[PDB]
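One file, my_file19.tsv, carrying TSV, C-alpha atoms and all ligand atoms:
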```tsv
chain	number	residue	atom	x	y	z
A	1316	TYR	CA	-47.28	3.59	77.14
A	1317	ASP	CA	-48.76	3.25	80.67
A	1318	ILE	CA	-47.04	0.33	82.54
A	1319	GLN	CA	-49.72	0.57	85.31
A	1320	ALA	CA	-52.90	0.73	83.23
A	1321	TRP	CA	-53.46	-3.03	83.31
A	1322	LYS	CA	-54.57	-2.95	86.94
A	1323	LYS	CA	-57.72	-0.81	86.53
A	1324	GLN	CA	-58.39	-2.64	83.23
A	1325	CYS	CA	-58.33	-5.94	85.17
A	1326	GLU	CA	-60.59	-4.51	87.91
A	1327	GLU	CA	-63.17	-3.49	85.28
A	1328	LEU	CA	-62.92	-6.88	83.55
A	1329	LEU	CA	-63.45	-8.63	86.92
A	1330	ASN	CA	-66.56	-6.43	87.50
A	1331	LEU	CA	-67.92	-7.60	84.09
A	1332	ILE	CA	-67.14	-11.23	84.97
A	1333	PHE	CA	-69.02	-10.88	88.32
A	1334	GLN	CA	-72.09	-9.39	86.43
A	1335	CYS	CA	-72.00	-12.46	84.13
A	1336	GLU	CA	-74.32	-15.31	85.20
A	1337	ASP	CA	-71.73	-17.78	83.92
A	1338	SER	CA	-69.32	-16.77	86.73
A	1339	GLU	CA	-71.73	-17.93	89.52
A	1340	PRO	CA	-69.96	-21.26	90.28
A	1341	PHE	CA	-66.57	-19.58	90.34
A	1342	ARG	CA	-67.23	-16.39	92.40
A	1343	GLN	CA	-66.01	-17.82	95.72
A	1344	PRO	CA	-63.73	-20.79	96.68
A	1345	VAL	CA	-65.31	-24.20	95.92
A	1346	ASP	CA	-67.21	-25.39	99.03
A	1347	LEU	CA	-65.69	-28.67	100.20
A	1348	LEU	CA	-68.95	-29.57	102.01
A	1349	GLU	CA	-70.77	-29.35	98.62
A	1350	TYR	CA	-67.94	-31.27	96.79
A	1351	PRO	CA	-66.18	-33.46	99.40
A	1352	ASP	CA	-63.71	-35.04	96.98
A	1353	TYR	CA	-62.69	-31.72	95.35
A	1354	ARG	CA	-59.16	-31.61	96.82
A	1355	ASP	CA	-58.55	-35.25	95.80
A	1356	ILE	CA	-58.84	-33.98	92.13
A	1357	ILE	CA	-57.70	-30.31	92.35
A	1358	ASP	CA	-54.26	-29.36	93.70
A	1359	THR	CA	-54.67	-25.57	93.60
A	1360	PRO	CA	-58.12	-24.12	94.08
A	1361	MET	CA	-58.80	-20.72	92.55
A	1362	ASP	CA	-61.81	-18.44	92.22
A	1363	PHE	CA	-62.69	-14.91	91.08
A	1364	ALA	CA	-62.97	-13.43	94.62
A	1365	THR	CA	-59.43	-14.66	95.38
A	1366	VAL	CA	-58.19	-13.15	92.07
A	1367	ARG	CA	-59.88	-9.82	92.90
A	1368	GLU	CA	-58.47	-9.84	96.42
A	1369	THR	CA	-54.93	-10.61	95.18
A	1370	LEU	CA	-55.21	-7.71	92.71
A	1371	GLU	CA	-56.63	-5.27	95.31
A	1372	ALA	CA	-53.92	-6.26	97.83
A	1373	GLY	CA	-51.24	-5.23	95.31
A	1374	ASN	CA	-50.09	-8.86	95.01
A	1375	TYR	CA	-50.02	-9.14	91.20
A	1376	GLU	CA	-46.99	-7.56	89.49
A	1377	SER	CA	-48.34	-8.05	85.96
A	1378	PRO	CA	-51.58	-8.95	84.11
A	1379	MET	CA	-49.81	-12.19	83.06
A	1380	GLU	CA	-49.88	-13.36	86.70
A	1381	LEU	CA	-53.61	-12.52	86.99
A	1382	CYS	CA	-54.21	-14.43	83.72
A	1383	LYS	CA	-52.43	-17.48	85.05
A	1384	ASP	CA	-54.80	-17.53	88.09
A	1385	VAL	CA	-57.96	-16.93	85.97
A	1386	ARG	CA	-56.88	-19.75	83.62
A	1387	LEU	CA	-56.45	-22.03	86.66
A	1388	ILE	CA	-60.15	-21.40	87.53
A	1389	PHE	CA	-61.06	-22.81	84.10
A	1390	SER	CA	-58.60	-25.71	84.11
A	1391	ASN	CA	-59.85	-26.74	87.57
A	1392	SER	CA	-63.41	-26.85	86.23
A	1393	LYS	CA	-62.30	-28.92	83.22
A	1394	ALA	CA	-60.48	-31.36	85.58
A	1395	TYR	CA	-63.41	-31.67	88.03
A	1396	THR	CA	-66.19	-32.18	85.52
A	1397	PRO	CA	-67.25	-35.81	84.92
A	1398	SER	CA	-68.60	-34.78	81.48
A	1399	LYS	CA	-67.89	-32.39	78.65
A	1400	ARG	CA	-71.69	-31.63	78.80
A	1401	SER	CA	-71.91	-30.62	82.47
A	1402	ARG	CA	-73.71	-27.36	83.32
A	1403	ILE	CA	-70.78	-25.86	85.30
A	1404	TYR	CA	-68.11	-26.93	82.80
A	1405	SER	CA	-70.22	-25.49	79.96
A	1406	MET	CA	-70.43	-22.16	81.84
A	1407	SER	CA	-66.64	-22.22	82.33
A	1408	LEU	CA	-66.08	-22.55	78.54
A	1409	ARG	CA	-68.30	-19.54	77.75
A	1410	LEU	CA	-66.73	-17.48	80.51
A	1411	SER	CA	-63.22	-18.48	79.36
A	1412	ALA	CA	-64.01	-17.30	75.78
A	1413	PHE	CA	-65.32	-13.97	77.18
A	1414	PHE	CA	-62.24	-13.59	79.44
A	1415	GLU	CA	-59.73	-14.41	76.66
A	1416	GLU	CA	-61.45	-11.96	74.28
A	1417	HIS	CA	-61.23	-9.11	76.81
A	1418	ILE	CA	-57.79	-9.85	78.31
A	1419	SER	CA	-55.97	-9.97	74.94
A	1420	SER	CA	-55.59	-6.17	74.63
A	1421	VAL	CA	-54.66	-5.88	78.33
A	1422	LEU	CA	-51.67	-8.22	77.90
A	1423	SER	CA	-50.75	-6.62	74.53
A	1424	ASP	CA	-50.78	-3.06	75.91
A	1425	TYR	CA	-48.84	-4.07	79.01
A	1426	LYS	CA	-46.12	-5.94	77.08
A	1427	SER	CA	-45.83	-3.06	74.57
A	1428	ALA	CA	-45.64	-0.45	77.38
A	1429	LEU	CA	-42.96	-2.46	79.17
A	1430	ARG	CA	-40.93	-2.87	75.92
A	1431	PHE	CA	-41.16	0.91	75.44
A	1432	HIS	CA	-40.00	1.43	79.05
A	1433	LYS	CA	-36.97	-0.83	78.59
A	1434	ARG	CA	-36.06	0.50	75.09
A	1501	LIG	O1	-65.95	-26.83	88.35
A	1501	LIG	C1	-66.89	-27.47	88.82
A	1501	LIG	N1	-67.33	-27.37	90.11
A	1501	LIG	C2	-66.77	-26.42	91.01
A	1501	LIG	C3	-66.96	-24.94	90.72
A	1501	LIG	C4	-67.78	-25.62	91.76
A	1501	LIG	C5	-67.62	-28.46	88.05
A	1501	LIG	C6	-67.37	-28.76	86.65
A	1501	LIG	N2	-68.23	-29.70	86.22
A	1501	LIG	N3	-69.01	-30.02	87.32
A	1501	LIG	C7	-70.01	-30.95	87.40
A	1501	LIG	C8	-70.65	-31.12	88.59
A	1501	LIG	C9	-70.27	-30.34	89.72
A	1501	LIG	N4	-69.30	-29.43	89.69
A	1501	LIG	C10	-68.66	-29.27	88.48
```

Would you mind writing the file out in structure tokens?
Amino acid sequence: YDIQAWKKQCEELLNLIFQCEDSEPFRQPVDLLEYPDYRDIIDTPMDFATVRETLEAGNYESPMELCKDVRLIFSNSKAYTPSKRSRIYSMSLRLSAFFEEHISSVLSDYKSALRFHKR
């Protein structure tokens, strides 16, 4: 029923993601000194600190918008990798599976709560 519950649920999920060793490459914006051609490949950089900051600033209206940004972190990694076997891309796939498994109920509860609100 709670149309606002998704926000704390997303904060707690982001805390789990930061505790996860697989999030290490994605915790802060990609360093262009480390990867000089990154912006030649990636149009819209995204990282978990930016997601957390957007959420804490009150700049997400729904968990769907947060999901879109988290999914962009993973699609950027898939686009930048030269190999399906790279260490960082492999970490992104595990972290994506963990994220999708935990965000499913957040989106479901939010959409259900909003449908109840607008009934
Ligand atoms: O997403 C990647 N890098 C960004 C987060 C730092 C990334 C994916 N595969 N890969 C291989 C070598 C170097 N960096 C990568």

Atom CA of residue 1394 of chain A to atom CA of residue 1355 of chain A, straight-line distance in Å
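Calculated distance between atom CA of residue 1355 of chain A and atom CA of residue 1394 of chain A is 11.1 Å.
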
Identify which of the residues A:1389, A:1321, A:1413, A:1353 lies closest to residue 1375 of chain A, counting only C-alpha atoms when measuring atom-to-atom distances.
A:1321

Expected answer as a ChimeraX atom specification: residues within 12 Å of ligand LIG 1501 (chain A), all atoms listed in the file:
/A:1337-1354,1356-1357,1360-1363,1387-1408

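Atom CA of residue 1411 of chain A is found 14.7 Å from atom CA of residue 1325 of chain A.
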
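What separates atom CA of residue 1434 of chain A from atom CA of residue 1377 of chain A is a distance of 18.5 Å.
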
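The smallest atom-to-atom distance between residue 1366 of chain A and any of A:1334, A:1326, A:1417, A:1319, using all atoms listed in the file, is found for A:1326.
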
Can you pull out every residue within 9 Å of residue 1418 of chain A, counting only C-alpha atoms, but drop anything in the same chain fewer than 5 positions away, and send it as a short mmCIF file (atom, residue, chain, number, x, y, z; two decimals) with C-alpha atoms, in the coordinates of the input?
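Below is the file result25.cif, written as the result:
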```
data_model
loop_
_atom_site.label_atom_id
_atom_site.label_comp_id
_atom_site.auth_asym_id
_atom_site.auth_seq_id
_atom_site.Cartn_x
_atom_site.Cartn_y
_atom_site.Cartn_z
CA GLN A 1324 -58.39 -2.64 83.23
CA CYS A 1325 -58.33 -5.94 85.17
CA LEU A 1328 -62.92 -6.88 83.55
CA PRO A 1378 -51.58 -8.95 84.11
CA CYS A 1382 -54.21 -14.43 83.72
CA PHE A 1413 -65.32 -13.97 77.18
CA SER A 1423 -50.75 -6.62 74.53
#
```

Residue nearest residue 1371 of chain A - candidates A:1429, A:1385, A:1317, A:1329, atoms counted: only C-alpha atoms
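With only C-alpha atoms as the atom set, the closest residue is A:1329.
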
Contacts of residue 1376 of chain A at 10 Å (all atoms listed in the file; same-chain gap of 4+ positions) as number ranges by chain:
A: 1319, 1322, 1370, 1380-1381

Hey, which of A:1414, A:1336, A:1379, A:1367 ends up closest to residue 1426 of chain A? Count all atoms listed in the file.
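Between A:1414, A:1336, A:1379, A:1367, the residue approaching residue 1426 of chain A most closely is A:1379.
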
How would segment 1382-1429 of chain A look written as an mmCIF file, in the first residue's frame with C-alpha atoms?
```cif
data_model
loop_
_atom_site.group_PDB
_atom_site.id
_atom_site.type_symbol
_atom_site.label_atom_id
_atom_site.label_comp_id
_atom_site.auth_asym_id
_atom_site.auth_seq_id
_atom_site.Cartn_x
_atom_site.Cartn_y
_atom_site.Cartn_z
ATOM 1 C CA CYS A 1382 16.293 0.929 -12.224
ATOM 2 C CA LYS A 1383 16.854 2.598 -15.564
ATOM 3 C CA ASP A 1384 20.066 4.234 -14.210
ATOM 4 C CA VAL A 1385 21.323 1.001 -12.545
ATOM 5 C CA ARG A 1386 20.689 -0.892 -15.806
ATOM 6 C CA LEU A 1387 22.716 1.770 -17.658
ATOM 7 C CA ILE A 1388 25.704 0.962 -15.377
ATOM 8 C CA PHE A 1389 25.526 -2.640 -16.636
ATOM 9 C CA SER A 1390 24.893 -1.826 -20.304
ATOM 10 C CA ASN A 1391 27.858 0.588 -20.253
ATOM 11 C CA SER A 1392 30.090 -2.205 -18.948
ATOM 12 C CA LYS A 1393 28.812 -4.596 -21.640
ATOM 13 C CA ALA A 1394 29.513 -1.936 -24.329
ATOM 14 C CA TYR A 1395 33.023 -1.095 -23.034
ATOM 15 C CA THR A 1396 34.304 -4.619 -22.562
ATOM 16 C CA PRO A 1397 36.470 -5.995 -25.408
ATOM 17 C CA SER A 1398 35.544 -9.554 -24.306
ATOM 18 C CA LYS A 1399 32.684 -11.504 -22.817
ATOM 19 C CA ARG A 1400 35.374 -12.996 -20.458
ATOM 20 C CA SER A 1401 36.728 -9.725 -19.023
ATOM 21 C CA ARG A 1402 37.063 -9.443 -15.229
ATOM 22 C CA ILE A 1403 34.981 -6.221 -14.944
ATOM 23 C CA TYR A 1404 32.273 -7.359 -17.363
ATOM 24 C CA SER A 1405 32.020 -10.685 -15.492
ATOM 25 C CA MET A 1406 31.537 -8.767 -12.215
ATOM 26 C CA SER A 1407 28.827 -6.647 -13.872
ATOM 27 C CA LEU A 1408 26.866 -9.795 -14.866
ATOM 28 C CA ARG A 1409 26.909 -11.186 -11.302
ATOM 29 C CA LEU A 1410 25.995 -7.819 -9.826
ATOM 30 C CA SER A 1411 23.189 -7.379 -12.393
ATOM 31 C CA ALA A 1412 21.704 -10.798 -11.421
ATOM 32 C CA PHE A 1413 21.866 -9.793 -7.713
ATOM 33 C CA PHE A 1414 20.296 -6.372 -8.456
ATOM 34 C CA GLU A 1415 17.475 -7.814 -10.624
ATOM 35 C CA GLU A 1416 16.677 -10.438 -7.967
ATOM 36 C CA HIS A 1417 16.361 -7.807 -5.228
ATOM 37 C CA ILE A 1418 14.677 -5.011 -7.217
ATOM 38 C CA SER A 1419 11.816 -7.209 -8.520
ATOM 39 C CA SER A 1420 9.693 -6.926 -5.338
ATOM 40 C CA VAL A 1421 10.480 -3.193 -5.054
ATOM 41 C CA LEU A 1422 8.995 -2.484 -8.498
ATOM 42 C CA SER A 1423 6.075 -4.905 -7.875
ATOM 43 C CA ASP A 1424 5.135 -3.333 -4.530
ATOM 44 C CA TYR A 1425 5.439 0.186 -5.915
ATOM 45 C CA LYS A 1426 3.296 -0.500 -8.999
ATOM 46 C CA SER A 1427 0.681 -2.314 -6.856
ATOM 47 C CA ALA A 1428 0.615 0.534 -4.284
ATOM 48 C CA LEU A 1429 0.212 3.117 -7.039
#
```
